[PDB]
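Asks: Let me begin by handing over the structure; questions about it come next.
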Amino acid sequence: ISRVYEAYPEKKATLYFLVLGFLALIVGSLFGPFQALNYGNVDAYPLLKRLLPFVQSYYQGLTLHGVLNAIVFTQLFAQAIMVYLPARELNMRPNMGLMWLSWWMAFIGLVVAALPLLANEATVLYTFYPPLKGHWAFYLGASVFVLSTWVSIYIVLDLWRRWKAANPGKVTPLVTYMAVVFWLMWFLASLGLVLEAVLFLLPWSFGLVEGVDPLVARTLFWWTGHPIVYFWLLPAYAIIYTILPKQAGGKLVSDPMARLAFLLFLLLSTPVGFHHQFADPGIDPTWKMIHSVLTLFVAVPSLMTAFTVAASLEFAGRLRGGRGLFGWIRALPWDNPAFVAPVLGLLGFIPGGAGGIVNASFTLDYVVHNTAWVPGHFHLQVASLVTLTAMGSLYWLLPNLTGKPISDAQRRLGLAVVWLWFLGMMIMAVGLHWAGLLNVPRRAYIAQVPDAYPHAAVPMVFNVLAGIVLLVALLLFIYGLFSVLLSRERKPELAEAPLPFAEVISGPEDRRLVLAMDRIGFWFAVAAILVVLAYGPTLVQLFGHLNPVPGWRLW
Amino acid sequence: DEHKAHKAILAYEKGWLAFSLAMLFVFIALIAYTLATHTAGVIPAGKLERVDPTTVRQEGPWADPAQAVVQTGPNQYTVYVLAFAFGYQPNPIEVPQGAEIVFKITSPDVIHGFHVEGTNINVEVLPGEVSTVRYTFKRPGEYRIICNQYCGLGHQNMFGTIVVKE
Amino acid sequence: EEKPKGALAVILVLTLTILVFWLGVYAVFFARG
Ligand code: HAS
Ligand code: HEM
Ligand code: CUA
Ligand SMILES: [Cu+2]
Ligand SMILES: [Xe]
Ligand SMILES: [Xe]
Ligand SMILES: [Xe]
């Protein structure tokens, strides 16, 4: 009933990803506030048990919070953004058969895994560390869910190959380049989890075998486990580099800087996982040091980015009548939530980064490992930057997909949602980083032992405050998203509008630089040798000495 | 303007980059320092030491909690601890000050954490593997061990104790 | 136009935050050492 669906059927496919994505975010995020209070030393759970009778414990909540938000929402967002954007930029159509196959895989795979989670048969958390054994349908569900991305990789490789064929010797366009090294990086990354799942988790929960080696299980897990946060980040980065400078009234100030950033992510994203295993036995301390260094290097892409985006925002700001050293901050369009959401997120990303760089320094980890600090670190990262970017992007992407415009009432509701979400996330971060310096362990129902951590007196106040602020924010967001998704207001012409892609200042020195980076086949091979060099030596030694242990259910 | 801005930016960009590496290399140095000191003791043993988690508490070093501690050097004491579903053995662990305590920790069931409040002892404890860490307490007393890795429904409640005698 | 003074301001704020956090925690490591 939409022609706009008929020359851009890729629009509809993209909408379904986003819709499924934001739904997961809502269901997941409900447990957020309850968990913030938990860390405020307030026990809200009998209340939530009454609303949601199916919730059996704090830990099922957390499993649902982790999985729907960090695995489901983020992967669905990525798939929408890192397929659609490279499609609109090349002005080509994604192989539509495959695209819809990946949506159903993701949809069926979610539903298959939703059941055991909702039936409390897989209260194992989103890391699912063996021997804690979850229902087989959870493992199969996720497998297929994650395998959906393999169809996306293909679709976007296709799109790229087809643009290559039609333009022999031209330099891959930026967004496409980003999407291309994006999905290749993810492919290299995804082998870890896929191997864990095919070698251990699936046979195990099918009963074919009785034991699983915890050390290899989690070593392979963190193979995929780190690049997957970059698999979360980069779709937001793609948007910030190539859509935000325009929403800010300026230009992306450097094409090849943006290319270099994404290139380095393909390069250093995967061979660093041991930074999650600093506290593990049976992994040589040298290999840890190596990986600690490769992890500081992986920080460089985000340091570069920090300047590039700032330059563009200041450029945007000056064009807007940016006064002196800070005048350009006031010159930006603080009235547009599509701009506000990501920039605020970038602020929260500053404490976010320092925490991560701390965490990465091998020996410094022991201070914070598994404490409330780590949740501190990553809510500034995924639940702030990524989420806020995504929410903000509702303001332009959603019009372009559906042809529904945005009212002033809604555009203002968004600004409220966005500022609250930001303020709520900041407040919490201080609570959790604080609490984490005081040894409060993460993944704990601490309200159920009210006297255990009295020294976290004041941070607990913050954690409480954040829970209230963020619950409001969440409710307002549900309100505003549904108000946009439930109006019948349709202008099919704003649906046929171009995406607000931003133009790029180009220089002379670009060419030779950019050319060298478009050597994708070579850089991918280098990417892969690194993984083999980083993981190989250890993986072989762990595989030489397999010590499978029986599974357990303790919920 | 604009094309001017391009050169300025890309200049200041190389600068920032070089300064950032330089600052990372400074962190690389300082971490290397702690690796060389006494404090690198909390870094888990590199070596694979496989044990069976279904027999850990019928036969072996972790069987009898009354054999847990065992003096192994002039100032060295090996403490065989067992992190199990919702508690630690021995409770308490009773150790001397200014002695180099070598912890050798394992689990008969699921993954737990061994976090000694006040210290840098923060190691994951894995069924079928021994987690070996060294630490010389200097400050005497009542250290409480916290499980910081989700282990089950009573995880939030899995505490242990160290008693380093003056 | 000229030197990106505000970009500098942003990366400066970032650099200080990295130091306060890193040195900050490097402190606690030894204090617990
Ligand atoms: C997508 C989400 C995530 C991002 C991004 C992220 C970044 C890093 N992380 Fe991390 N992380 C670790 C290391 C790093 C490092 C080195 C970085 C780096 O990539 C960070 C680099 C970031 C920067 C260097 C900041 C750049 C700032 C920018 C770009 C903004 C500038 C602002 C502007 C320009 C705006 C100005 C605006 C105006 C208006 C003026 C380590 C250890 O090395 C652990 C283990 C902890 C433990 O012990 O368990 C860890 C733990 C986690 C966990 C928990 C996993 C679990 O449950 O076990 C998650 C979910 C996570 C996610 C994320 N993490 N991380
Ligand atoms: C409603 C707003 C939110 C609040 C108030 C909130 C709060 C919290 C808190 C306090 C924890 C610590 C719980 C524990 O360790 O037991 C937590 C865990 C977590 N949250 Fe959030 N969060 C929110 C939204 C999000 C979003 C948007 C994401 C991802 C996009 C996310 C991802 C995670 C993850 C991955 C964990 C760790 C789960 C685990 O340790 O297995 N959260 N959240
Ligand atoms: Cu043992 Cu949590
Ligand atoms: Cu990581
Ligand atoms: Xe899933
Ligand atoms: Xe999986
Ligand atoms: Xe993860």
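Asks: How fast does the stretch B:1-118 diffuse by Stokes-Einstein, in µm²/s, taking the Kirkwood radius from C-alpha pairs at 37 °C and 0.692 mPa s?
Replies: 177
Asks: Across peptide A:124-130, what mean number of C-beta atoms from other chains lies inside 10 Å of a residue's C-beta?
Replies: Other-chain Cβ atoms within 10 Å of each residue's Cβ, averaged: 2.
Asks: For the charge dipole of chain B, defined by +1 on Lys and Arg C-beta atoms and -1 on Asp and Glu C-beta atoms about the Cα centroid, which residue among B:80, B:128, B:11 has the Cα displaced farthest towards the positive pole?
Replies: My answer, from the dipole projection, is B:11.
Asks: Excluding same-chain residues fewer than 8 positions from residue A:491, which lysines have a Cα within less than 18 Å of its Cα?
Replies: A:11, A:12, A:404
Asks: If you don't mind, another one. For chain A, which longest stretch is free of loop sites, where a loop site is one of the trypsin sites (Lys or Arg not before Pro) that DSSP puts outside H, G, I, E and B and that has at most 13 other Cβ atoms within 10 Å?
Replies: Formally, the longest exposed-site-free interval is A:1-169.
Asks: With a cap of 11 neighbouring Cβ atoms within 10 Å, and only residues DSSP puts in a loop, list the chymotrypsin sites (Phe, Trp or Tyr not before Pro) found in the stretch A:163-231.
Replies: Here the sparse-neighbourhood loop sites are A:206.
Asks: Follow-up question, since we're still on this one. For chain A, what is the largest minus smallest coordinate of the Cα atoms on each principal axis, given in angstrom and ordered from greatest to least?
Replies: 57, 52, 50
Asks: Give me the Å³ per residue figure for the convex hull around the C-alpha atoms of the stretch B:1-44. Numbers along the way, then the final one.
Replies: Details: hull volume 2.8 nm³, N = 44.
Dividing the Cα hull volume of the stretch B:1-44 by its residues yields 65 Å³.
Asks: In straight Cα distance, which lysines are under 18 Å from residue B:104, not counting same-chain residues fewer than 8 positions off?
Replies: Partners within reach: B:47.
Asks: Can you give the average number of partner chain beta-carbon atoms within 10 Å of each beta-carbon in peptide B:37-46, as a whole number?
Replies: On the way: counts 3, 1, 6, 4, 1, 6, 8, 11, 5, 8.
The per-residue average across the peptide is 5.
Asks: Based on the Cβ-Cβ distance from residue B:159 to residue A:54, what FRET efficiency comes out when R0 is 45 Å, to the nearest 0.05?
Replies: Using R0 = 45 Å, I get an efficiency of 0.90.
Asks: Cross-link partners among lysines for residue C:3, C-alpha distance below 26 Å, same-chain residues fewer than 8 apart left out?
Replies: The reachable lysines, counting only those whose Cα sits under 26 Å from residue C:3, are A:246, A:251, B:4, B:7, B:14.
Asks: Evaluate peptide A:458-471: per residue, the Cβ atoms of other protein chains within 10 Å of its Cβ; return the mean as an integer.
Replies: For peptide A:458-471, the averaged partner shielding equals 0.
All of the numbers you see were taken from the coordinates with simple rules; none came from a lab. Don't worry about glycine lacking a Cβ; one is built from the backbone with ideal geometry, like all the others, and counts go over all protein chains shown.
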